[PDB]
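Next up: just one chain, as structure tokens, the form deposited in one PDB entry.
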């Protein structure tokens, strides 16, 4: 019997765990400490959540270590670990309306989007990785033979062991699922730290691990602060790998802590300032649709959002006019209402950052075409924003907004290399995109863009089977695809002589 916060909302009765999940049980933090999680649609407290302390991290890690070394998870067939993860995907899908409603409450995700992406992609992620379990394979390798003797050399793919996963607040359940699905399919056990401001879908996900029959200790979830709980995961001597998504600064600090403790493996998905180049020979009405989606999707709280749009000179004014016409049709609203297509920002501090960003944009001289302000209504809503006449030296040409602000620069007709050079002049390299009907330009621009993902005539088209990760200061290592498994496996080489 679990304690729940019960809430009747969206024609459902939600049952939300709110405690730490350690060793297959929900338990209070040390000294029963708690904190409040806030609903961004009206500013209210949703409920109190356990606030993990250092001694709770140590309990979670111990539980994970025990589950890995002596529990069932380390003894079952790869195929049977697969069945458990498939079953976990079924359980999530049976609770999909509920998880999507929690995410609407906790994170501001518009409900219909949350059902299809926040939740629907997490379910795809578990199913996808469940199918890898018994298809992760090593090699047999034709090495030189120590004649007159013989040699056989093979590699075995083994789990790393206990991992810690630290994730951000923009897609709480989906980021959790990206990393956890690959981590568990590889045979590891895990301690997860959701972002403090968005713990609830993680804790409900935890309960679902019980329903799916995941052995106790395999998954542990610790709502709590980065500087305390995240830091202790990075320093812990029994943790063998950290997977991190979040900002560049915090990723530097996590990589440093992995170094100074036990050289634990790390992967990092860090910030972006992703460019989208739109040529005059593109399909203009699709460029406007996909151009808006690259900025406004998920209220701009999107790791791969296009952070600059470069638009060729001859279509630039017509492009801005069409975007303004579509912007005006967007419906801002409570994320639980069916007609809503733009929900609130995730939390108050982030809303404050966005207001300040756009003041700085106006102050340094860009043209504010629309938006820029907090919407007058309760909660933390931000008006979709369009800036034009952005120049390369401006702050908003360099800094990632993580909000629904479209930042447009022009480039001269016929220029390809000059616009590439401005798109690549950033220390980030997470994503990028190009719109053009011309196959030669599309192939040449996708070769020259210095980013982990290049979208061509589309944007935001991620897929559980297509690896996602950045270059340069956006980090290294992939989530999704077969590539994500290599972060959670190690290779043992075995060489016989006979």
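Numbering follows the first chain given and starts at 1. We call the rigid core the largest set of C-alpha positions that still match within 1.5 Å between the two forms.
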Comparing 438 to 446 with 38 to 46, where is the mean C-alpha B-factor higher?
-> 38 to 46
Going by the B-factors listed in the PDB entry, is the mean over the C-alpha atoms higher for 107 to 115 or for 151 to 159?
-> 107 to 115
Going by the CA temperature factor in the entry, name the top one among 26, 459, 471, 468.
-> 26
For the C-alpha B-factor as written in the entry, point me to the maximum among 366, 143, 123, 182.
-> 366
Using the B-factors in the PDB entry, rank residue 229's C-alpha atom against the chain and give the third, lowest, middle or highest.
-> highest
Quick one: classify residue 300 as lowest, middle or highest third of the chain based on its Cα B-factor.
-> lowest
Going by the recorded CA B-factors, say which third of the chain residue 258 sits in, lowest, middle or highest.
-> middle
Sorting the chain's modelled residues by C-alpha B-factor and splitting them into thirds places residue 97 in the middle
If you rank every modelled residue in this chain by C-alpha B factor, which third holds residue 80: lowest, middle or highest?
-> lowest
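Omitted here: the form deposited in another entry. The next part is about that form.
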In a fit on the core, which one among 72, 250, 152, 228 has a Cα that moves 2 Å or more between the shown form and the other one?
-> 250
Comparison of CA distance in the other form with shown form for residue 255, residue 55, at least 3 Å = closer
